[PDB]
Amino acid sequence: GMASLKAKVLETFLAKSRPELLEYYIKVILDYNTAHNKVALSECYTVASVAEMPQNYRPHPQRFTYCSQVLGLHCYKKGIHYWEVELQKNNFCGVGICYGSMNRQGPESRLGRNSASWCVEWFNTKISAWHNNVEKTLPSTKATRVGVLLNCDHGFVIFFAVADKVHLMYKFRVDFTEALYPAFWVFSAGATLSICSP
């Protein structure tokens, strides 16, 4: 019964317009203590890019040591939330969510490559959705912006491509077991991920 009701709510959210999604807006700020040495933060901690000069980070237990990732400041276990990320030179980069308990060290700390995270990703300019180290290739888009709809109350996440209107990239139904952080990956030179304020 819950699964049948969840499905009807999911269809409603898949059909929402951008103004309707923006009603769930949440302000995401990047967490300085999580950024890998190769990740530079700028514009009042709303932009992540690949560092071209030393960032002079101190080692921190919450800092990613293996891959070029960074988290948002806050995590969410209740409510329904929406944020957007503008991309430049998106040859190798990723946008997703993860449990706080995701490992921050070693190969398994990569977004979508473990059971604690979900993401969409550009990889040699080709798009895929990832969870639990299982890939789903997706059609290309000319959009330069991703919208993430995180629904903790009903249990799903949706990734939208945002241009003049919104288009589905991929979704996951999940009965989440703990709070979720926005999460980001920037790997190719010149790649930038900018959190939007519309």
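Note that residue numbering follows the sequence shown and begins at 1.
- Per-stretch averaging of Cα B factors for 65 to 73 and 44 to 52 places 44 to 52 on top.
- Higher mean CA temperature factor between 171 to 179 and 9 to 17: 9 to 17, per the PDB entry.
- Remark: of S140, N37, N151, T34, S140 shows the highest value [criterion: C-alpha B-factor in the PDB entry].
- When the C-alpha B-factors of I26, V146, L30, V166 are read from the PDB record, the largest value belongs to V166.
- When all modelled residues of the chain are sorted by CA temperature factor, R113 is found within the middle third.
- When the CA B factors of the chain's modelled residues are split into thirds, the value for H81 lands in the lowest one.
- In the PDB entry, a CA B factor belonging to the highest third of its chain's modelled residues is recorded for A189.
- The PDB entry assigns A3 a C-alpha temperature factor belonging to the highest third of its chain's modelled residues.
- When the CA B factors of the chain's modelled residues are split into thirds, the value for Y99 lands in the lowest one.
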